[PDB]
Amino acid sequence: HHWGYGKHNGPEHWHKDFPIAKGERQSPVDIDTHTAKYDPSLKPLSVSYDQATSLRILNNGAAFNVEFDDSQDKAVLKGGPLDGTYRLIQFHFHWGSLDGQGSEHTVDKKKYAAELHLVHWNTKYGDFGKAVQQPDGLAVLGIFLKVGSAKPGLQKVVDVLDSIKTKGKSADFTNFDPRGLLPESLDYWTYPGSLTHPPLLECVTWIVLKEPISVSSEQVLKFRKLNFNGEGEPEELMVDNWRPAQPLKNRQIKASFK
Ligand SMILES: [Zn+2]
């Protein structure tokens with residue numbers, strides 16, 4: 001049937017419906033810290049989220065998305081390896097059934113408990129739909145989550161998950177500040193890649209932060225209570241919604257730090 005993260009419709013099956021799954025710039029990838037090249041020409045990232053306007057949180061059957069108003073340059077990302085302004089449209093997470101797995105990207109083969117993806121689109125293309133059809137259409141900021149101390153700024157998200165337990169459910173989610181999810185340092189790695197879930201388009205400039213944020217065992221546990229299924233259908237817990245690392249092929253990972 002349609003794609004998912006199960007035994008019969010998982011990542012290993014995606015190529016049948018989406019041939020690009022075996023493409024030349026697929027994500028995620030393993031970041032080998034010793035092979036990454038320090039690039040002195042990489043500018044610091046510029047994250048301007050002070051005017052961000054969150055609108056809703058939704059369970060789309062693959063994860064839960066926090067959507068923002070992207071009709072104006074309210075929350076933008078620029079600098080780094082980017083040319084132009086990229087507007088934040090939504091953020092979501094990828095997590096595992098156990099604390100030892102869950103992230104999509106890995107660092108020297110190390111897996112994290114979860115991975116946060118803040119998705120931005122290049123304003124020169126007018127809208128998200130047009131942007132995904134361009135090689136420099138999207139900029140995704142990836143942040144690793146490790147289990148340890150609780151992250152205060154994440155609790156607002158955790159507490160509303162009960163309201164969107166099943167696929168298709170959404171809830172008003174206003175005044176959420178994404179700055180509360182950022183680590184102290186903005187040092188990063190960057191490489192050209194793709195969406196990590198269908199349609200797997202190769203339109204993403206990945207920016208993966210080196211510093212993970214810590215979340216409590218209790219906070220991640222609540223993520224694991226969500227359902228892939230819709231209301232009224234057999235319960236399938238939403239866990240392990242991550243794609244395994246793909247071949248780097250002819251690509252180089254650059255680092256903003258040495
Ligand atoms: Zn993602």
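Checked against the criterion of being in contact with a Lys or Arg (Cβ under 8 Å, 6 or more places away or on another chain), among the hydroxyl-bearing types (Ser, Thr, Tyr) and more than 15 Å from residue 106 (Cα to Cα), the candidates 256, 216 yield just one match: 216. Against the criterion of being within 18 Å of the chain's Cα centre (by Cα), polar (S, T, N, Q) and within 16 Å of the ligand (Cβ to nearest atom), residue 27 qualifies.
Scanning the stretch 188-217 for residues that are away from the ligand (no atom under 15 Å from the Cβ) and hydroxyl-bearing (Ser, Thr, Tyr) turns up 188, 190, 191, 214, 216, 217.
Selection of the stretch 188-203 for residues being under 25 Å from residue 258 (Cβ atoms) and either of a type outside the set (S, T, N, Q) or assigned to a loop (DSSP other than H, G, I, E, B) (or both) yields 188, 189, 191, 192, 193.
Scanning the stretch 82-94 for residues that are under 18 Å from the mean Cα position of the chain (by Cα) and not aromatic (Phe, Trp, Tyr), we see that the one that is surrounded by the most Cβ atoms within 10 Å (Cβ to Cβ) is 88.
Looking only at the stretch 95-124, residues that are among the β-branched types (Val, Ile, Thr) and part of a loop (DSSP other than H, G, I, E, B) come to 0 in all.
In the stretch 140-187, which residues are assigned to a helix (DSSP H, G or I) and within 16 Å of the ligand (Cβ to nearest atom)? Matches in the stretch 140-187: 157, 178, 181. Restricting to the stretch 147-186, give me the number of residues that are surrounded by 15 or more Cβ atoms within 10 Å (Cβ to Cβ) and among the charged types (D, E, K, R). Total meeting the criteria: 5. Tallying residues that are surrounded by fewer than 21 Cβ atoms within 10 Å (Cβ to Cβ), part of a loop (DSSP other than H, G, I, E, B) and of a type in the set (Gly, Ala, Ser) within the stretch 64-79 yields 1. Restricting the stretch 125-139 to residues that are free of Cβ contacts under 8 Å to residues at least 24 places away in the same chain and in a loop (DSSP other than H, G, I, E, B) leaves a set whose member that is surrounded by the most Cβ atoms within 10 Å (Cβ to Cβ) is 127.
Laboratory data are not the source of any read-out in this text; all were calculated from the coordinates shown. Cβ sites come from the backbone with ideal geometry, for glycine too, and all protein chains shown count toward neighbours.
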